[PDB]
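See below for the structure under consideration.
Per chain, numbering begins at 1; letters A, B, ... match sequence-line order. Basis for what follows: all heavy atoms, side chains included, without hydrogens, waters or symmetry-related copies.
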2 protein chains.
Amino acid sequence: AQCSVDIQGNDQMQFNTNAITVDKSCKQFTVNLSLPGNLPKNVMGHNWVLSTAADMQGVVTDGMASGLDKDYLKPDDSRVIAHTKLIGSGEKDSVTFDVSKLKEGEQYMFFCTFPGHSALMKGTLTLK
Amino acid sequence: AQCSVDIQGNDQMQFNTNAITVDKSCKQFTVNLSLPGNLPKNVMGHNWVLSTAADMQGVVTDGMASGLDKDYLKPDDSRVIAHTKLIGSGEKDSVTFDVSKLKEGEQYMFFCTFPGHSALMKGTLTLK
Ligand SMILES: [Cu+2]
Ligand SMILES: [Cu+2]
């Protein structure tokens, strides 16, 4: 779309895209996450989290450690540019962030921090 | 080991072996599963399930559909040759099955049926 993208996370532990291109003229950008599956949040919760590629590993590792009540994200984690909540089946959530937090030339990764899901639920985002 | 194998499943959704060999001379075979990790059963529970390569997908789909209370395995599923319980961090379980249930020149697969894990947590078993 233009300054929005719709993404789904499913019961097979995958996202329906692995690359998001943010257009340089967007003042803000929205990610709409919907979970069309059947499994509950405590076993297959998904969220969409954005960080630079170099920070992804620490966000996932510290996320895993904060637990389900913290939506597997370290509270006030400085490395996280934007994130949705951790949702379960049949739920939807959206996040809008300011594009000026991104800079051209940096590799960004989006991913799910529910334990083990980043193996498959990850993609690139780049401001072009 | 003689007619037995000790196998580990970890918080990164990996088993420590991806190929089990069963000797035809064995009357029985035992699989001893341990989880040395730290994540609980509802978020990273692992089990070890055996079926033919042909029935694995049906066992996985129906398993997913049975729910956490049924250890993500259909009750009395004819296709499951042997399986452990679904266990979490710090636990261990063993299954011993008769080698007469395996036929020479049939491909078998072992896998974890916890939602999302079988595409990564799987390996081959063969009768030699
Ligand atoms: Cu997820
Ligand atoms: Cu598992």
Which pairs would a plain distance check flag for residues 121-128 of chain B, meaning a side-chain donor or acceptor within less than 3.5 Å of a matching protein atom at least two apart in sequence or in another chain?
residue	atom	partner	partner atom	Å
B:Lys122	NZ	B:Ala119	O	3.1

Tell me if the [atom1] atom of [X] is crowded by more than 12 foreign heavy atoms within 6.0 Å.
X	atom1	answer
A:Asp76	CG	no
A:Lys85	NZ	no
B:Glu104	CD	yes

Item checked: Part of residues 3-32 of chain A lying next to chain B, heavy-atom separation under 4.5 Å ->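 Within residues 3-32 of chain A, near chain B: A:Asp11, A:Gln12, A:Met13.
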
Note to self: Applying a heavy-atom distance below 4.5 Å, give me the residues of residues 38-57 of chain A that approach chain B, sorted by number.
What the structure shows: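 Contacts with chain B: A:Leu39, A:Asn42, A:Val43, A:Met44.
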
Applying the 4.5 Å side-chain criterion to the ILVMFWY set and letting contacts propagate, would [X] and [Y] be lumped into a single cluster?
X	Y	result
A:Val95	A:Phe111	no
A:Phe110	A:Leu33	yes
A:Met64	A:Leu86	yes
A:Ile87	A:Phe97	yes

Next item on the list: Any pair with a residue in residues 68-90 of chain B that passes ring-ring contact (aromatic ring centres under 6.0 Å, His included), sequence neighbours left out, goes on the list, sorted by first then second residue, please.
Entry: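 Matches after skipping sequence neighbours: B:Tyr72-B:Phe114.
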
